[PDB]
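Numbering (the numbering used here), first residue to last: 792 to 1755.
All remarks here apply to the structure that follows.
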RNA sequence: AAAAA
Ligand SMILES: Nc1ncnc2c1ncn2[C@@H]1O[C@H](COP(=O)(O)OP(=O)(O)O)[C@@H](O)[C@H]1O
């Protein structure tokens, strides 16, 4: 249940600004200031019968911590919650000041001789927070996969995975913990890692209190109700849209000299400015940077979609120079101080050598490809303001204390792996946050380079959209299940029942039932149409529609259609059946060869790509974006609707998108698409539609294409049998048919909707993912990881202790003894298959000593995949076997034999940064494979694993962090 | 494509 709900207005005045324009962006005030206001919303979830006092009435007598500045309403409220011992979820933008709240919780815990845990999503963030907190409190420690420092500290900074582990082991630390702070909780919605947060939260004692720090989310109250329900305690939410440094949003149409303000500091969308920007749409990054360095709006960050891009843009800037030699002095000292902390052999590395020149010119690069030490030294140089321009990958925005005055996006679209799509509102929100250093800059500038006549409503949805929901991403894992079986007080079902996924599911039932009710009435508001005899007329037409589709499926099959798609052939295009491009003309076709992915499978209809000329293309469609032989048209590419101009274009399609084939062929220029050739085909297209006003002649499947299979003719006669049966109904000739059909069809639609919804609420009655739990239990029982009564076996106990790699395969390898006759260097090379994920250029064939153990483990892998398949788990057996990459087996092998980093870097195309990260994961995996051999009494194995650790842990691989 | 324990 909810209570104490209030919204509170806040208001300030800011220095007026013209930004990059010529007039004042906002109508100024008498004082010469600009007034901006923001909202602070509060609400609390209460357990049954709880004795609660309104939070605004609370007066804090003793402050556990004081601050130089005056607190914002959202901060004062959140701190009042903590002072009272009540959990709180703080939802605000990155710059707002959520650390102030977390700090107070820490101060309070330390004064009360209690312990407190601070969790973060990323190692990098952990280190930065440890460094920041240590300075302010002193009694601080750090727990991470890499480093452990002062574990007995009052305040522990650790990663969420590390906390998850502690809980399952039931450590004596939690017994003394009063508060647990979750920084960036919204990561709980991560498709792959999100479950870690949920799992961790559920496992916490009801005695502990929480501070959840999150970006602005629309469903914060849901999260709080869930906490309240599973931990039987109050949980507040403090939400605000407050933005410390006001933002200005600009569009930069490519290849132009214009720069347009489209969204001002009041989040007002400038309709006319946007119209001007789109009208001016028909090097640039260089122009823009120069303009920023000139107007003195640096430091600036330029986000690219790939590492490769960040480096190329960097080289195009080494012409410019932003630093005074007095700055180049302090800069280099910092750089060399850090570099000197590396082993002597590594201070000469190429990446280190080639990057310093840029740094001195004041140009930075930042992405996962860099050496860990280069990443942190560049982050530090940015803080001190020695770097005026930083070409960064999308991650930087996540990093704390790395804000910039100006932020530049090089494109309005992004490649998410599946589609080349528009940035979403949610994305863009988190994207705007990186601009504006709280104390230093009046305003923050955001610039987005655009190269397409985007529609207004699409632009609004992106530049002025809503924040994304915090939805559960819960799923089951074997390690998780085994641990829940093992631990005494709880079970796997317990986890399911307490998930936020299950919670959200339960909360939607009333929502769905309300909708059904609306539907039923709407369905009876039609009551009955005139005549039930229209039902027959509807069914007969439905069957015909279906049979006619089957006919189309045959006609368009390559075995029939291809012989009739000569250049110039008239075809009716309908891609996905939702985009009628009307009648186009075949340019050519070709069989589809997937070079990047061999084992990819094409349907017969997908197997051929047909190039087609259409003249119904929407005039503002991004035609420069569709690639050759790629049938997946980007969004924004659509047919023109009523009242829109059209153009000519060649688009790639499959045989599925051919609605019908015409009995005509117009002239197709052999001269490709060249300066006005296809526009003449559009002419011929226009003329043909005039020659045949009634309609375009369709090839007769039987009399022209000669399709006469016994089965196809049986089909073509089922249609006629109906086509007559229909034209003998009193309704075909009757009047008001187009009205009695519409009335009935709508009812039919309501009916279907109600049915499908009825299933939804039915399926939603049971606890979530029980079916999957059952199947995974089979796999575990079958492999002997536990008894049919779900009591954990030795295999299972081992598997629980394995977290850095596939727990099932690794446990099997260990028990089948696949490591017994392997030298340490061999063991390392094999395990790299469990520590490596990214794919790359196929590595040279493996020699016997490495290729053998590989094959012996792929056998065990297949044996497990088959079992996973038998259990009816959605898994591609072969793909699972390949899940474990071996592209670095020879790299790890040699490195364990003394080879230099510079030497192994020449064995692969994998970035230095990626190499180190995987070596560190391998160490982690090995450290786990040592704690295991302890709990198995395999002296032979423990020693071999300990030997692997020494071979790996050396040189640049074992180098420490700059911070700590 | 980019992040990531
Ligand atoms: N009420 C306030 N008035 C002025 N400055 C503040 C206030 N609250 C926080 N700050 C400052 O703003 C900066 C950003 O705060 P911080 O909490 O680090 O960001 P986050 O919201 O990501 O935790 C900090 O350096 C902090 O000192």
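Each residue gets a CB set at the ideal place from its N, CA and C atoms; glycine is no exception.
- [ ] Grab the span of the beta strand (DSSP E) containing residue 1620 for me, first residue to last.
- [x] Premise fails: residue 1620 lies in the alpha helix (DSSP H), 1615 to 1626, not in any beta strand (DSSP E).
Task: Residue closest to residue 1498, alpha-carbon to alpha-carbon, out of 1348, 1092, 1700 - done: 1348
- [ ] Just mark residue 1504 as buried or exposed, buried being the case when its beta carbon has 16 or more other beta carbons within 10 Å.
- [x] exposed
Open item on the list: Check whether the region 1122 to 1139 and the region 1161 to 1170 touch, using three or more Cβ-Cβ pairs below 8 Å as the test.
Closed with: yes
Open item on the list: Bridge partners for residue 910 per DSSP, in chain order?
Closed with: 949, 973
Open item on the list: By the three-class DSSP mapping on this structure, what secondary structure does residue 1344 have?
Closed with: helix
Task: Identity of the residue in 1178, 1327, 1301, 1545 nearest residue 1520 by Cα - done: 1327
- [ ] Take residue 1241 and list the residues in its own chain whose beta-carbon comes closer than 7 Å to its own, dropping the five residues that flank it on each side.
- [x] 1042, 1043, 1044, 1045, 1203
Open item on the list: Can you give me the C-alpha to C-alpha distance between residue 1743 and residue 1150, rounded to a whole angstrom?
Closed with: 31 Å
- [ ] Spell out the partners DSSP gives residue 1430 in its beta bridges.
- [x] 1408
Open item on the list: Are there any heavy atoms of ligand 1 lying less than 7 Å away from the beta-carbon of residue 1176, as far as the coordinates show?
Closed with: no
- [ ] Under the assumption that residue 856 contacts residue 804 (Cβ atoms under 8 Å), give the Cβ distance between them as a whole number of angstroms.
- [x] Contact flag wrong, Cβ pair sits at about 28 Å.
Task: Neighbour-count burial assignment, residue 1601, 16 or more Cβ in a 10 Å radius - done: buried
Task: Own chain residues within Cβ distance below 7 Å of residue 1566, not counting five before or after - done: 1662, 1663, 1664
- [ ] Pull up the distance between the alpha-carbon of residue 845 and that of residue 795, whole angstroms please.
- [x] 6 Å
- [ ] For residue 1542, count neighbouring Cβ atoms within 10 angstroms of its own Cβ and tell me buried if that reaches 16, exposed if not.
- [x] exposed
Open item on the list: Within 10 Å of its beta-carbon, does residue 1017 have 16 or more other beta-carbons around it, so buried, or fewer, so exposed?
Closed with: buried
Task: Rounded straight-line distance, which links the Cα of residue 927 to that of residue 853 - done: 19 Å
Open item on the list: Assuming residue 1039 is part of the alpha helix (DSSP H), what are its boundary residues?
Closed with: From DSSP, residue 1039 is part of no alpha helix (DSSP H) but of the beta strand (DSSP E) over 1038 to 1044.
- [ ] Check whether the Cβ of residue 832 lies closer than 7 Å to any heavy atom of ligand 1, and answer yes or no.
- [x] no
Open item on the list: Please state whether the Cβ-Cβ distance between residue 1287 and residue 1295 is less than 8 Å.
Closed with: no
- [ ] Please list the segments of the beta strand (DSSP E) lying wholly inside the region 1137 to 1178, counting only runs of 3 or more residues, in order along the chain.
- [x] 1154 to 1157
Open item on the list: Can you give me the C-alpha to C-alpha distance between residue 1668 and residue 1434, rounded to a whole angstrom?
Closed with: 52 Å
Open item on the list: With a threshold of 8 Å on Cβ separation, who are the neighbours of residue 1412 within its own chain once the five nearest residues in sequence on each side are excluded?
Closed with: 1427, 1428, 1429, 1438, 1440
Open item on the list: One question on the structure: do residue 948 and residue 932 come within less than 8 Å of each other, judged by their Cβ atoms?
Closed with: yes
Task: Cβ pair residue 1607, residue 1651 closer than 8 Å - done: yes
- [ ] Give a yes or no on whether the C-beta atoms belonging to residue 1615 and residue 1687 are separated by under 8 Å.
- [x] yes
- [ ] To the nearest angstrom, report how far apart residue 1172 and residue 911 are at their CA atoms.
- [x] 23 Å
Open item on the list: Just to confirm my understanding: we take residue 1182, look at its own chain, exclude 5 residues before and 5 after, and list those with CB closer than 6 Å. What are they?
Closed with: 1093, 1101, 1104, 1105, 1156
TODO: Within the same chain, show all residues whose beta-carbon is closer than 8 Å to that of residue 1306, passing over the 5 residues directly before and after it, in chain order.
DONE: 1548
Open item on the list: Which same chain residues end up closer than 6 Å to residue 1760 when comparing Cβ atoms and leaving out the 5 residues on each side of it in sequence?
Closed with: The chain is shown only over 792 to 1755; residue 1760 falls outside these bounds and no answer can be derived.
Task: heavy atom of ligand 1 below 7 Å from residue 1052 C-beta - done: no
Open item on the list: According to DSSP, is residue 1217 part of a helix, a strand, or is it coil?
Closed with: helix
Open item on the list: Are the CB atoms of residue 1613 and residue 1341 within a distance shorter than 8 Å?
Closed with: no
- [ ] Flag this pair as touching only if the region 1109 to 1117 and the region 1181 to 1198 have three or more C-beta atom pairs under 8 Å; answer yes or no.
- [x] no
Task: Expected contact under 8 Å - CB spacing of residue 1066 and residue 816 to nearest Å - done: About 18 Å separates the two Cβ atoms, so there is no contact after all.
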